[PDB]
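Listed below are the residues making up each chain.
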Amino acid sequence: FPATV
Amino acid sequence: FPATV
Amino acid sequence: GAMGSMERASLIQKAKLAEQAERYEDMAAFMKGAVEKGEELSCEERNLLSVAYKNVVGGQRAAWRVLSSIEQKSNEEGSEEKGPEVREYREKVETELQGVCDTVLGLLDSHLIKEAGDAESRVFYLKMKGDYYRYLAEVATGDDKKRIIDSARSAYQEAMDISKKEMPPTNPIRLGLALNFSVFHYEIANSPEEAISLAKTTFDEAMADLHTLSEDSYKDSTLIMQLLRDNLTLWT
Amino acid sequence: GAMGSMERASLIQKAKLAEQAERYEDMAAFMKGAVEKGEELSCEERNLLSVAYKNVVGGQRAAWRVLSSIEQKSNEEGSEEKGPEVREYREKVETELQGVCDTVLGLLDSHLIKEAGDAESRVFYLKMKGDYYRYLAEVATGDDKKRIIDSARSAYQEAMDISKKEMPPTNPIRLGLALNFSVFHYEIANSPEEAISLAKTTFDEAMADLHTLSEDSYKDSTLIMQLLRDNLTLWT
Ligand SMILES: *CC(=O)NCC1CCN(C(=O)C2(Nc3ccccc3)CCNCC2)CC1
Ligand SMILES: *CC(=O)NCC1CCN(C(=O)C2(Nc3ccccc3)CCNCC2)CC1
Ligand SMILES: [Mg+2]
Ligand SMILES: [Mg+2]
Ligand SMILES: [Mg+2]
Ligand SMILES: [Mg+2]
């Protein structure tokens, strides 16, 4: 799963 | 903190 | 009960899904619903009940300790007055914790304990009763504190008496009961010597009975024996 | 609002305590209460709001993915029929997730976005709007799925347009917006090339502007630049 902020 | 189950 | 319309088997199925999803509040609600159907619980079902509430109350206790620490610091000399908020929010978490404990104690009293005739089930429930009175004791500061402590002690003692009569010294329930009653002595009853004696004797009696066990039983028992050792290491 | 009787400052104070105690549901409720006082939020307060809901919805999304996986497996050939329970419980978690998203979108619409005139605040809120439509899109399967996706895209695009005009390429809000809009492209809009192009261009434009920064600003910007790189590594 990709990084988000 | 001590172990409990 | 909001779970009154759901099948017992469906509640158990969903408890297991909730566990997989780490949704412990849901897991506990499903298991409360299952208990409230009024049938006795199997061993697997008793373990689902205990896992669910242990995780819920474990999270509350951790939060309560964080908040209590902040509150205690606010009452040291030279600490700036920040108003009632820290106390209020500690009280809020405390009240929620008490509520969960009262819910579990309620299930045990109505009617899990009275219907539990086999040693393994009766000891399991009475251990739980001691545990949830112990969590109440951890936050108790008033008139009933001694009675709460005694209620924990009484439940653990009944469990101990049955476990010593009816179960082998390696039985994981007997071991876990002893582990937790030992922690009761150390942390709640201000009896560290009793705590140490109990942990040691329990460990040594289990060690001497390991030879009777299968590989799988050996694994189960030694895991809890190591927790006894871990505590003894902490305390000595 | 159950928080209507509590002081704004007390709600903010308690949000911070809840964060320390890892009580993110409480933190979110406190911040909702604070927003509902009707005053604009400071930068610190906007960050408390976003941390609270990110943690709550993050937990729901993780649970939803566990349950969706189980459900998908139950619909493979040779899978034994287990009844409606897995679907029901996935639907339950889904509905709760949707509720949280609708709550956040509601705060943004009433009236955080319309009162936000400074670029940093307006971009922050519009990024949040894109994010919560993105979470709705992740679970959407019906007639409104395209419109939900477009609502995310529209909010992110407005945020992008303001951020490019009004903020330096190293601004952490601009970077985080680009990171998340890139993930929108990859995971929601089936546009991996757009995702990769955006992440790359954002990274390279930030790299070229690092020389203008203090040590502390450099730390903030490079942290998010590394997340861009991490995603690019995942995708290429
Ligand atoms: C058959 C029955 O009634 N219960 C099964 C036992 C409880 C679960 N268990 C354990 O060893 C763990 N938990 C507990 C141990 C002892 C008392 C209560 C709970 C040990 C800690 N990890 C989770 C399982 C096996 C026997
Ligand atoms: C001043 C203002 O309005 N916001 C402060 C910014 C958001 C918080 N932040 C971050 O770098 C983290 N979070 C976000 C970054 C970008 C957009 C939204 C949130 C980065 C991830 N770790 C937590 C803080 C600094 C600037
Ligand atoms: Mg109290
Ligand atoms: Mg003795
Ligand atoms: Mg649905
Ligand atoms: Mg472009």
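Residues numbered from 1 in each chain as written, not as in the entry; some residues may be left out. Chains lettered and ligands numbered in written order. Heavy atoms only, no water.

What the deposited record gives as its method is X-ray crystallography, and the resolution it gives is 1.50 Å.

Colleague: Teacher, can you tell me more about the site of ligand 2 here?
Modeller: Near ligand 2 the following residues occur: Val5(A), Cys43(D), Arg46(D), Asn47(D), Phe124(D), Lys127(D), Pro172(D), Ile173(D), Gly176(D) and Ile224(D). The environment of ligand 2 is shared, with nearby residues belonging to chains A and D. At a separation of 2.9 Å, an oxygen atom of ligand 2 approaches a polar side-chain atom of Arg46(D). Separating a nitrogen atom of ligand 2 from a side-chain N or O atom of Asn47(D) is a distance of 2.8 Å. Among the detected pockets, ligand 2 sits in the second largest pocket. (Near = heavy atom within 4 Å. Polar contact = N/O pair within 3.5 Å; in protein donor to acceptor, adjacent residues only side chain to side chain. 1 Å grid on protein atoms, 1.4 Å probe; cavity = no way out; pocket = protein on both sides within 12 Å on 5 of 7 lines; lining within 4 Å. Sits in = over half its atoms within 2 Å of the grid points.)

Colleague: What am I meant to see in the arrangement of the chains here?
Modeller: Looking across the 3 pairs of chains in contact, one finds the most contacts between chains C and D. One finds no contact between chain A and chain B; the C-alpha atoms of the two approach each other to within 34 Å at their closest. (Contact = heavy atoms within 4.5 Å.)

Colleague: Even after reading the chapter, I still don't get the interface of chain D and chain A, so can you show me in this structure?
Modeller: Put simply, an interface is often sized by how much accessible area is lost when its parts join up. Contacts between the two partners involve 14 residues from chain D, matched on the other side by 5 residues from chain A. Of the roughly 830 Å² buried at the junction of chain D and chain A (both faces included), carbon and sulfur atoms supply 65%. For the chain D face of the interface with chain A, the top three residues by lost area are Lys54(D), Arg65(D) and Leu227(D), together amounting to 35%. For the pair chain D and chain A, the number of links is 0 salt bridges. At the surface where chain D touches chain A, the tally comes to 3 residue pairs in polar contact. It is helix α7 (residues 172-188) of chain D that provides the largest number of residues to the side of chain D that touches chain A, a total of 5 residues. When its residues are assigned to classes, the side of chain D that touches chain A shows 5 nonpolar, 3 polar and 6 charged. (Buried area = accessible area lost by both parts, 1.4 Å probe. Salt bridge = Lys/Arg side-chain N within 4 Å of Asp/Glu carboxyl O. Helix = DSSP H or I, 4+ residues; strand = E, 2+ residues; numbered from the N terminus. Nonpolar A, V, L, I, M, F, W, Y, C, P; charged D, E, K, R; others polar.)

Colleague: What am I meant to see in a negative patch on the surface here?
Modeller: Together, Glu39(C), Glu40(C), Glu115(C), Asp118(C), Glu120(C) and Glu166(C) give the surface a local cluster of negative charge. Mapped onto the fold, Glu166(C) is located in helix α6 (residues 145-166). (Patch = residues over 30% accessible without salt bridge, like charges linked within 9 Å, V, L, I, M, F, W, Y side chains within 5 Å. Areas by Shrake-Rupley, 256 points an atom, 1.4 Å probe, with all protein chains shown as cover. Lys, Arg positive; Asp, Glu negative; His and termini not counted. Charge placed at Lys NZ, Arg CZ, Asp CG, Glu CD.)

Colleague: How should I be thinking about the relation of the copies chain D and chain C in this particular structure?
Modeller: Note: a rotation about an axis with an accompanying shift along it relates these two copies of the chain. Superposing chain D onto chain C takes a rotation of 180° combined with a translation of 0.0 Å along the rotation axis, leaving an RMSD of 0.0 Å. Taken together, the turn and the small shift mark the pair as related by a two-fold rotation axis. Ranked by how close their C-alpha atoms come to the rotation axis, the residues of chain D are headed by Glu25(D), at 6.2 Å. Both copies share a contact surface, since 100% of the interface residues of chain D are interface residues in chain C too. (Least-squares fit on C-alpha atoms.)

Colleague: Even after reading the chapter, I still don't get helix α2 (residues 24-35) of chain D, so can you show me in this structure?
Modeller: Residue pairs three or four apart in sequence face the same way in an α-helix, which turns once every 3.6 residues. For α2(D), spanning 12 residues, the distance from its first C-alpha to its last is 16 Å, which sits close to the expected 16 Å at 1.5 Å a residue. Buried within α2(D) we find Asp26(D), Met27(D), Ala28(D), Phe30(D), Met31(D), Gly33(D), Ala34(D) and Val35(D). The inward-facing, buried residues of α2(D) contact α4 (85-115) of chain C together with α1 (8-20), α3 (43-74) and α4 (85-115) of chain D. (Expected span 1.5 Å × (residues − 1). Buried < 20%, exposed > 50% of the residue type's maximum accessible area, 1.4 Å probe, protein only.)

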